[PDB]
$ cat input03.txt   # compact mmCIF, C-alpha atoms and all ligand atoms
# COMPACT_ATOMS: atom_id res chain seq x y z
CA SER A 2 187.52 12.30 -52.86
CA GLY A 3 190.83 13.96 -53.77
CA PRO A 4 194.52 13.38 -52.90
CA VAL A 5 195.53 11.24 -49.91
CA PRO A 6 197.20 13.29 -47.10
CA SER A 7 200.82 12.93 -45.96
CA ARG A 8 203.00 13.77 -42.93
CA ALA A 9 206.78 13.95 -42.49
CA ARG A 10 208.11 10.70 -40.91
CA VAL A 11 210.54 12.75 -38.81
CA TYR A 12 210.47 16.15 -37.06
CA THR A 13 206.73 16.12 -37.66
CA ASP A 14 205.47 18.26 -34.78
CA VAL A 15 208.57 20.28 -34.05
CA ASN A 16 207.04 23.70 -34.88
CA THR A 17 203.85 22.91 -32.95
CA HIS A 18 205.93 22.41 -29.79
CA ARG A 19 207.71 25.75 -30.28
CA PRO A 20 206.18 29.13 -29.29
CA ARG A 21 204.10 30.69 -32.10
CA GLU A 22 206.72 33.45 -32.69
CA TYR A 23 209.29 30.89 -33.99
CA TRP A 24 207.23 30.06 -37.07
CA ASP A 25 204.63 32.84 -37.31
CA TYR A 26 206.97 35.04 -39.29
CA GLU A 27 204.27 37.55 -40.34
CA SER A 28 204.44 38.91 -36.77
CA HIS A 29 208.25 39.32 -36.97
CA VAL A 30 209.27 43.00 -36.73
CA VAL A 31 212.39 43.89 -38.70
CA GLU A 32 214.81 46.40 -37.18
CA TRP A 33 217.14 48.21 -39.60
CA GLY A 34 220.83 48.76 -38.92
CA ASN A 35 222.89 51.59 -40.36
CA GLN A 36 223.39 51.29 -44.16
CA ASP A 37 226.37 53.66 -43.84
CA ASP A 38 228.25 51.04 -41.83
CA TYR A 39 228.75 49.29 -45.19
CA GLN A 40 230.68 50.35 -48.27
CA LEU A 41 230.27 48.22 -51.39
CA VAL A 42 233.53 47.07 -52.98
CA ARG A 43 232.47 45.04 -56.00
CA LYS A 44 229.62 42.97 -57.44
CA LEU A 45 229.77 39.19 -57.04
CA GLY A 46 226.52 37.94 -58.65
CA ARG A 47 223.04 38.83 -60.04
CA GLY A 48 220.21 36.37 -59.45
CA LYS A 49 216.53 37.04 -60.29
CA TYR A 50 215.51 38.10 -56.74
CA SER A 51 218.75 39.96 -55.75
CA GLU A 52 222.22 41.29 -56.40
CA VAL A 53 225.18 40.23 -54.28
CA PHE A 54 228.16 42.42 -53.39
CA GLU A 55 231.35 42.24 -51.40
CA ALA A 56 231.41 45.08 -48.90
CA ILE A 57 233.42 46.43 -46.02
CA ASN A 58 231.96 47.29 -42.63
CA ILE A 59 233.81 50.56 -41.97
CA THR A 60 232.92 50.27 -38.28
CA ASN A 61 235.48 47.48 -37.77
CA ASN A 62 237.16 46.78 -41.17
CA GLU A 63 235.52 43.35 -41.48
CA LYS A 64 234.80 42.06 -44.98
CA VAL A 65 231.14 41.19 -45.52
CA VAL A 66 228.69 40.05 -48.22
CA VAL A 67 225.65 42.20 -49.00
CA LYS A 68 222.55 40.80 -50.74
CA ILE A 69 220.35 43.64 -52.04
CA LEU A 70 216.83 42.33 -52.71
CA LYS A 71 214.72 43.11 -55.72
CA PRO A 72 211.14 44.06 -54.68
CA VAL A 73 209.60 41.14 -52.75
CA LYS A 74 206.53 40.82 -50.58
CA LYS A 75 207.17 41.91 -46.99
CA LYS A 76 205.95 38.52 -45.76
CA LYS A 77 208.64 36.68 -47.77
CA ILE A 78 211.39 39.03 -46.50
CA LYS A 79 210.16 38.32 -42.96
CA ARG A 80 210.17 34.54 -43.60
CA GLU A 81 213.73 34.59 -44.90
CA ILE A 82 214.98 36.80 -42.07
CA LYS A 83 213.17 34.71 -39.46
CA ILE A 84 214.54 31.41 -40.79
CA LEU A 85 218.07 32.83 -41.01
CA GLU A 86 217.76 34.00 -37.38
CA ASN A 87 216.29 30.71 -36.17
CA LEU A 88 219.02 28.64 -37.90
CA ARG A 89 221.88 31.03 -37.00
CA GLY A 90 224.91 29.31 -35.44
CA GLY A 91 223.74 25.93 -36.77
CA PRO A 92 226.14 23.60 -38.64
CA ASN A 93 227.19 24.94 -42.04
CA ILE A 94 224.37 27.55 -42.06
CA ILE A 95 225.30 30.94 -43.49
CA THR A 96 225.32 33.61 -40.75
CA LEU A 97 223.11 36.68 -41.10
CA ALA A 98 224.99 39.60 -39.49
CA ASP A 99 222.74 42.61 -40.24
CA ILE A 100 219.75 44.00 -42.17
CA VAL A 101 219.76 47.49 -43.69
CA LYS A 102 217.62 49.55 -46.03
CA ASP A 103 219.46 50.37 -49.28
CA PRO A 104 219.35 54.12 -50.09
CA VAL A 105 219.00 53.55 -53.89
CA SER A 106 216.63 50.51 -54.09
CA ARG A 107 214.77 51.38 -50.90
CA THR A 108 214.67 47.60 -50.64
CA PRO A 109 216.22 45.55 -47.83
CA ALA A 110 219.81 44.37 -47.97
CA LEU A 111 220.86 41.29 -46.00
CA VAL A 112 224.45 41.39 -44.69
CA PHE A 113 226.23 38.06 -44.29
CA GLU A 114 229.52 36.77 -42.84
CA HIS A 115 232.21 36.62 -45.55
CA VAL A 116 233.07 33.12 -46.79
CA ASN A 117 236.03 32.79 -49.21
CA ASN A 118 234.82 30.77 -52.19
CA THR A 119 237.06 28.59 -54.38
CA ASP A 120 236.67 28.71 -58.19
CA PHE A 121 234.71 25.88 -59.88
CA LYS A 122 237.83 25.32 -62.02
CA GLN A 123 240.15 24.36 -59.13
CA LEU A 124 237.20 22.32 -57.80
CA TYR A 125 235.48 19.77 -60.10
CA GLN A 126 239.03 18.86 -61.26
CA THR A 127 240.90 16.71 -58.74
CA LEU A 128 237.77 16.75 -56.63
CA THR A 129 238.37 13.26 -55.28
CA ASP A 130 235.83 10.56 -54.36
CA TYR A 131 236.82 11.38 -50.76
CA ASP A 132 236.09 15.09 -51.32
CA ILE A 133 232.61 14.45 -52.67
CA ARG A 134 231.78 12.27 -49.68
CA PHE A 135 233.19 14.85 -47.26
CA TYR A 136 231.25 17.81 -48.65
CA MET A 137 228.10 15.71 -49.04
CA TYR A 138 228.38 14.90 -45.38
CA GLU A 139 228.69 18.62 -44.56
CA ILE A 140 225.54 19.41 -46.63
CA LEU A 141 223.68 16.66 -44.74
CA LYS A 142 224.70 18.28 -41.42
CA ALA A 143 223.00 21.52 -42.51
CA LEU A 144 219.86 19.75 -43.77
CA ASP A 145 219.44 17.55 -40.69
CA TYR A 146 219.83 20.69 -38.56
CA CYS A 147 217.34 22.78 -40.53
CA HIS A 148 214.86 19.87 -40.75
CA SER A 149 215.21 19.30 -36.98
CA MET A 150 214.45 23.02 -36.58
CA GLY A 151 211.25 22.67 -38.61
CA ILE A 152 212.46 24.16 -41.88
CA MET A 153 212.64 22.88 -45.46
CA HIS A 154 215.16 24.67 -47.70
CA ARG A 155 213.31 23.86 -50.94
CA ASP A 156 216.13 25.18 -53.20
CA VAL A 157 219.03 22.81 -52.70
CA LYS A 158 221.30 22.99 -55.73
CA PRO A 159 225.01 23.69 -56.38
CA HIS A 160 224.46 27.45 -56.76
CA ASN A 161 223.30 27.43 -53.11
CA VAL A 162 226.34 25.61 -51.70
CA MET A 163 229.59 27.46 -51.01
CA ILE A 164 232.88 25.71 -50.33
CA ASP A 165 236.09 27.19 -48.98
CA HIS A 166 238.32 24.26 -49.93
CA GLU A 167 241.47 25.70 -48.29
CA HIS A 168 239.69 25.60 -44.88
CA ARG A 169 237.47 22.56 -45.67
CA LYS A 170 234.45 24.77 -44.84
CA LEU A 171 230.96 24.62 -46.37
CA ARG A 172 227.86 26.81 -46.18
CA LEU A 173 224.30 26.34 -47.32
CA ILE A 174 223.01 29.73 -48.61
CA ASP A 175 219.91 31.32 -50.14
CA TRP A 176 217.12 30.69 -47.67
CA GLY A 177 214.59 32.84 -49.57
CA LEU A 178 212.44 29.82 -50.61
CA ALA A 179 212.70 28.04 -47.26
CA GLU A 180 209.50 27.41 -45.32
CA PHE A 181 208.35 26.06 -42.00
CA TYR A 182 206.99 22.49 -42.02
CA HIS A 183 203.54 22.05 -40.51
CA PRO A 184 201.60 18.75 -40.73
CA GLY A 185 198.65 18.99 -43.13
CA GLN A 186 199.87 22.18 -44.84
CA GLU A 187 199.70 22.46 -48.61
CA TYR A 188 202.65 24.34 -50.06
CA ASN A 189 203.36 26.06 -53.37
CA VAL A 190 204.75 23.58 -55.90
CA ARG A 191 206.23 26.41 -58.05
CA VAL A 192 209.56 26.25 -56.22
CA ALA A 193 213.10 25.07 -56.98
CA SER A 194 214.98 25.10 -60.26
CA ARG A 195 213.58 22.65 -62.87
CA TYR A 196 216.50 20.23 -62.83
CA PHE A 197 216.17 19.80 -59.03
CA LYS A 198 212.36 19.67 -58.73
CA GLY A 199 211.06 16.60 -56.87
CA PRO A 200 208.28 14.49 -58.50
CA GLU A 201 205.78 15.81 -55.93
CA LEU A 202 206.24 19.32 -57.37
CA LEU A 203 205.93 18.03 -60.92
CA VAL A 204 202.70 16.11 -60.35
CA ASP A 205 201.22 18.89 -58.18
CA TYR A 206 201.20 17.10 -54.83
CA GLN A 207 201.14 19.97 -52.37
CA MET A 208 201.35 18.21 -49.00
CA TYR A 209 205.10 17.70 -49.16
CA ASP A 210 207.81 18.04 -46.52
CA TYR A 211 211.52 17.99 -45.70
CA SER A 212 211.99 14.95 -48.01
CA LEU A 213 211.78 17.36 -50.94
CA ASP A 214 215.33 18.50 -50.10
CA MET A 215 216.52 14.87 -50.12
CA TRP A 216 215.45 14.46 -53.76
CA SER A 217 217.37 17.63 -54.62
CA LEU A 218 220.45 16.27 -52.84
CA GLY A 219 220.06 13.12 -54.94
CA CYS A 220 220.10 15.19 -58.12
CA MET A 221 223.35 16.83 -56.98
CA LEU A 222 225.05 13.52 -56.10
CA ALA A 223 224.08 11.90 -59.43
CA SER A 224 225.42 14.92 -61.29
CA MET A 225 228.74 14.78 -59.39
CA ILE A 226 229.40 11.04 -59.55
CA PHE A 227 228.37 10.62 -63.21
CA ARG A 228 229.87 14.03 -64.20
CA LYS A 229 226.61 15.01 -65.93
CA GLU A 230 225.31 18.46 -64.98
CA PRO A 231 222.35 18.44 -64.85
CA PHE A 232 221.42 14.79 -64.40
CA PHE A 233 217.69 15.13 -65.20
CA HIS A 234 217.72 17.56 -68.16
CA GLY A 235 214.09 18.56 -68.78
CA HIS A 236 213.14 20.91 -71.60
CA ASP A 237 210.16 22.10 -69.48
CA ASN A 238 208.31 20.96 -66.32
CA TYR A 239 206.33 18.21 -68.11
CA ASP A 240 209.47 16.81 -69.77
CA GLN A 241 211.36 17.11 -66.50
CA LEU A 242 209.23 14.24 -65.18
CA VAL A 243 209.71 12.32 -68.44
CA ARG A 244 213.50 12.60 -67.93
CA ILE A 245 213.07 11.25 -64.41
CA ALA A 246 210.84 8.40 -65.64
CA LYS A 247 213.34 7.39 -68.37
CA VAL A 248 215.65 6.51 -65.43
CA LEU A 249 213.41 5.57 -62.48
CA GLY A 250 210.82 3.84 -64.71
CA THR A 251 207.10 4.52 -65.13
CA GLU A 252 205.98 1.58 -63.00
CA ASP A 253 206.97 3.16 -59.68
CA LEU A 254 205.67 6.50 -60.99
CA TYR A 255 202.14 5.17 -61.62
CA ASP A 256 202.26 3.36 -58.25
CA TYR A 257 203.14 6.66 -56.61
CA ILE A 258 200.24 8.48 -58.23
CA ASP A 259 197.87 5.60 -57.25
CA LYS A 260 198.98 5.52 -53.62
CA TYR A 261 198.32 9.25 -53.10
CA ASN A 262 195.34 9.34 -55.51
CA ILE A 263 196.99 12.18 -57.48
CA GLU A 264 195.18 13.68 -60.51
CA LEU A 265 197.64 13.62 -63.46
CA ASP A 266 197.46 16.62 -65.75
CA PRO A 267 196.26 14.83 -68.98
CA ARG A 268 199.14 16.54 -70.81
CA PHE A 269 201.29 13.91 -69.06
CA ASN A 270 199.54 10.81 -70.45
CA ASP A 271 200.47 11.83 -74.01
CA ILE A 272 204.14 12.00 -73.04
CA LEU A 273 205.13 9.79 -70.05
CA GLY A 274 204.80 6.55 -72.08
CA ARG A 275 206.15 3.27 -70.66
CA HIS A 276 209.78 3.08 -69.43
CA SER A 277 211.93 0.48 -67.63
CA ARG A 278 213.81 1.36 -64.44
CA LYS A 279 217.43 1.60 -65.62
CA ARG A 280 220.50 0.21 -63.83
CA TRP A 281 222.86 2.98 -62.68
CA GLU A 282 225.69 1.25 -64.61
CA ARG A 283 224.41 2.70 -67.89
CA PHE A 284 225.68 6.15 -66.72
CA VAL A 285 229.12 4.83 -65.64
CA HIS A 286 232.09 5.37 -68.01
CA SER A 287 235.88 5.37 -67.66
CA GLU A 288 235.83 9.18 -67.36
CA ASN A 289 233.67 9.03 -64.17
CA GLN A 290 234.49 5.56 -62.72
CA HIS A 291 236.77 6.82 -59.92
CA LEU A 292 233.76 8.63 -58.32
CA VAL A 293 231.38 5.69 -58.60
CA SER A 294 231.31 2.84 -56.10
CA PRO A 295 228.71 0.28 -54.92
CA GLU A 296 228.04 2.35 -51.79
CA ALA A 297 227.56 5.56 -53.82
CA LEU A 298 224.97 3.88 -56.08
CA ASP A 299 223.21 2.30 -53.08
CA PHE A 300 223.06 5.75 -51.41
CA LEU A 301 221.88 7.54 -54.58
CA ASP A 302 219.22 4.90 -55.21
CA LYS A 303 217.77 5.45 -51.73
CA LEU A 304 217.51 9.24 -52.24
CA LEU A 305 215.88 9.20 -55.71
CA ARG A 306 212.47 7.73 -54.97
CA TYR A 307 209.19 9.06 -56.32
CA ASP A 308 207.45 8.38 -53.03
CA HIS A 309 208.81 11.08 -50.73
CA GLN A 310 207.94 8.96 -47.66
CA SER A 311 210.44 6.29 -48.84
CA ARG A 312 213.54 8.52 -49.34
CA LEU A 313 216.31 8.50 -46.70
CA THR A 314 216.08 11.17 -44.04
CA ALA A 315 219.12 13.39 -43.60
CA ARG A 316 220.07 11.40 -40.50
CA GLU A 317 219.66 8.03 -42.23
CA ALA A 318 221.73 9.37 -45.14
CA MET A 319 224.50 10.36 -42.72
CA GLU A 320 224.50 6.78 -41.37
CA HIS A 321 225.01 5.26 -44.84
CA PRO A 322 228.25 3.27 -45.51
CA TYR A 323 229.12 5.75 -48.27
CA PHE A 324 230.20 8.01 -45.39
CA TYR A 325 232.03 5.53 -43.09
CA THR A 326 235.48 6.86 -44.03
CA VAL A 327 234.50 10.50 -43.45
CA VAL A 328 232.83 9.84 -40.06
CA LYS A 329 235.93 7.86 -38.93
CA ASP A 330 238.12 10.94 -39.62
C1 LIG B 401 227.53 34.63 -48.49
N1 LIG B 401 226.80 34.70 -49.75
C2 LIG B 401 225.43 34.68 -49.85
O1 LIG B 401 224.62 34.62 -48.94
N2 LIG B 401 225.15 34.68 -51.20
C3 LIG B 401 223.80 34.78 -51.76
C4 LIG B 401 226.33 34.68 -51.93
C5 LIG B 401 226.57 34.62 -53.29
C6 LIG B 401 227.89 34.60 -53.71
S1 LIG B 401 228.22 34.49 -55.43
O2 LIG B 401 227.07 34.96 -56.14
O3 LIG B 401 229.50 35.10 -55.62
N3 LIG B 401 228.41 32.90 -55.82
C7 LIG B 401 229.52 32.19 -55.15
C8 LIG B 401 229.96 31.04 -56.04
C9 LIG B 401 228.82 30.05 -56.27
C10 LIG B 401 227.60 30.81 -56.84
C11 LIG B 401 227.23 32.03 -55.99
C12 LIG B 401 229.23 28.78 -57.04
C13 LIG B 401 228.55 27.93 -56.00
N4 LIG B 401 229.38 26.78 -55.50
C14 LIG B 401 229.38 25.67 -56.51
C15 LIG B 401 229.59 24.31 -55.91
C16 LIG B 401 228.63 23.75 -55.08
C17 LIG B 401 228.77 22.45 -54.59
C18 LIG B 401 229.88 21.68 -54.93
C19 LIG B 401 230.01 20.34 -54.28
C20 LIG B 401 231.20 19.60 -54.36
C21 LIG B 401 231.31 18.36 -53.75
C22 LIG B 401 230.24 17.82 -53.06
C23 LIG B 401 229.06 18.54 -52.97
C24 LIG B 401 228.94 19.78 -53.57
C25 LIG B 401 230.84 22.27 -55.78
CL1 LIG B 401 232.11 21.34 -56.51
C26 LIG B 401 230.70 23.56 -56.25
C27 LIG B 401 228.52 29.15 -55.05
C28 LIG B 401 228.95 34.64 -52.80
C29 LIG B 401 228.70 34.69 -51.44
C30 LIG B 401 227.38 34.70 -51.02
$ encode --input "input03.txt" --output "structure tokens" --more "lines below"
Ligand SMILES: Cn1c(=O)n(C)c2cc(S(=O)(=O)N3CCC4(CC3)CC(NCc3ccc(-c5ccccc5)c(Cl)c3)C4)ccc21
Amino acid sequence: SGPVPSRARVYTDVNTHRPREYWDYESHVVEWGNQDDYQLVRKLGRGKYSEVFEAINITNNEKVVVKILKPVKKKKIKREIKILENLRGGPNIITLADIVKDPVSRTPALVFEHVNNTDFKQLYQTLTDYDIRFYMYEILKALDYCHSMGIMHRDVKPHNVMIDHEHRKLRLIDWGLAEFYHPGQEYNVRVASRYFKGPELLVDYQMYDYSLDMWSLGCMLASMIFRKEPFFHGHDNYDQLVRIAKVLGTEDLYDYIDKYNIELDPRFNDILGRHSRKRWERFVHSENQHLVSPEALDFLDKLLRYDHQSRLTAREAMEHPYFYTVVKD
């Protein structure tokens, strides 16, 4: 009789109540701007689906970031553009400024607002407990916004977060895997980077929702507070879930698969074994202690749950005591 269905606990019906054009991205028509408005200055990054450059708009001498896509399906270009346009002006969401057709690749190039980006040497070294809480709050602002606007990011990870520490500014980037949440929809589980994949992806439960991003956030927090990047260090997708189970325990895992009547790939029964749920104190040492507090562990514990329906929402996360000092200020 197959897997038990699931719905988001929050922002369930938000896309239903919008006009079709908001989420029916296949009907979105893309208008091109002038590629010659932009001169490329230097390469910043190269990343599987795209290359990223710093550029100058010669029309007005503004500095800009250009993301030249590798060949992708038109429908996925339209989804990313549509989501970027829908979320534009929202808290800590990267701003799409223009879309042009590259003369060499004949592929699209997305043009973004420039955000100055501080080295991961200056940061991650005298990044204080306060700083982690502050920037986590800022990420939660972006996720609560995008979730409220009917959109899961599905690729939350440090590579997709930019911080300008001089200006205490943060941006969530790389919306190319984001999707619109619709109740009853089965999504592709072949998303996210392995270290950040939620258990639902790993056990092939397709009827997932915004709560996927909350697992990913949990991975990032763990990694920051225990100074262990990545926290769940799988050697492949099967072992990824073994790494998770060596911490969260197998008991809650088997309960999760029972509740949703999930069919476990029999590969997994050779390898999952039996494991205790571990106390978070086993990952605390003197070299990470200043980042770890009762309220951080309580928060982390409530993000990293197998059952996606039982993880904090972005809003609930923002209300957690971990953040009382940052909200006060
Ligand atoms: C505007 N624009 C775009 O749209 N794209 C695609 C673009 C691509 C580029 S890039 O390639 O030069 N490149 C920029 C540098 C990074 C990698 C990417 C490193 C990553 N940030 C790491 C990070 C992330 C999170 C944290 C953190 C700290 C505390 C609490 C929570 C989290 C900390 Cl401590 C660090 C950002 C540039 C502009 C772009």
$ closest_residue --input "input03.txt" --among "A:266, A:201, A:240, A:210" --to "residue 308 in chain A" --atoms "only C-alpha atoms"
A:201
$ residues_around --input "input03.txt" --residues "residue 230 in chain A" --least-positions-apart "4" --cutoff "10 Å" --atoms "all atoms listed in the file" --output "ChimeraX atom specification"
/A:196,220-221,223-225,234
$ axis_aligned_box --input "input03.txt" --around "range 231-241 of chain A" --padding-each-side "8 Å" --output "JSON"
{"center_x": 214.3, "center_y": 18.4, "center_z": -68.0, "size_x": 32.0, "size_y": 23.3, "size_z": 23.2}
$ closest_atom_pairs --input "input03.txt" --of "chain A" --to "ligand LIG 401 (chain B)" --cutoff "7 Å" --atoms "all atoms listed in the file" --output "CSV"
residue,atom,partner,partner_atom,distance
A:45,CA,B:LIG401,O3,4.3
A:46,CA,B:LIG401,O2,3.9
A:47,CA,B:LIG401,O2,6.8
A:53,CA,B:LIG401,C5,5.9
A:66,CA,B:LIG401,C1,5.5
A:68,CA,B:LIG401,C3,6.2
A:95,CA,B:LIG401,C1,6.6
A:113,CA,B:LIG401,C1,5.6
A:114,CA,B:LIG401,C1,6.4
A:115,CA,B:LIG401,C1,5.9
A:116,CA,B:LIG401,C1,6.0
A:118,CA,B:LIG401,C8,6.2
A:121,CA,B:LIG401,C26,5.9
A:124,CA,B:LIG401,CL1,5.3
A:125,CA,B:LIG401,CL1,5.2
A:132,CA,B:LIG401,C21,6.3
A:133,CA,B:LIG401,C22,4.1
A:134,CA,B:LIG401,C22,6.7
A:136,CA,B:LIG401,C22,4.5
A:137,CA,B:LIG401,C23,4.9
A:159,CA,B:LIG401,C16,3.8
A:160,CA,B:LIG401,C13,4.2
A:161,CA,B:LIG401,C27,5.8
A:162,CA,B:LIG401,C16,4.5
A:163,CA,B:LIG401,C27,4.5
A:164,CA,B:LIG401,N4,6.3
A:174,CA,B:LIG401,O1,5.2
A:175,CA,B:LIG401,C3,5.5
$ closest_residue --input "input03.txt" --among "A:135, A:54, A:182, A:39" --to "residue 23 in chain A" --atoms "only C-alpha atoms"
A:182
$ closest_residue --input "input03.txt" --among "A:74, A:169, A:229, A:316" --to "residue 145 in chain A" --atoms "all atoms listed in the file"
A:316
$ residues_around --input "input03.txt" --residues "residue 295 in chain A" --least-positions-apart "3" --cutoff "10 Å" --atoms "only C-alpha atoms" --output "PyMOL selection string"
chain A and resi 298-301+322-323
$ closest_residue --input "input03.txt" --among "A:204, A:100, A:265, A:150" --to "residue 179 in chain A" --atoms "all atoms listed in the file"
A:150
$ residues_near_point --input "input03.txt" --point "(216.3, 33.2, -52.2)" --cutoff "12 Å" --atoms "all atoms listed in the file" --output "PyMOL selection string"
chain A and resi 47-53+68-71+73+77-78+80-82+84-85+111+154-158+160-161+173-180+192-194
$ residues_near_point --input "input03.txt" --point "(233.9, 5.3, -44.8)" --cutoff "12 Å" --atoms "only C-alpha atoms" --output "PyMOL selection string"
chain A and resi 130-132+134-135+138+294+296-297+319-330
$ residues_around --input "input03.txt" --residues "residue 92 in chain A" --least-positions-apart "3" --cutoff "8 Å" --atoms "all atoms listed in the file" --output "PyMOL selection string"
chain A and resi 142-143+146
$ closest_residue --input "input03.txt" --among "A:211, A:257, A:206, A:33" --to "residue 4 in chain A" --atoms "all atoms listed in the file"
A:206
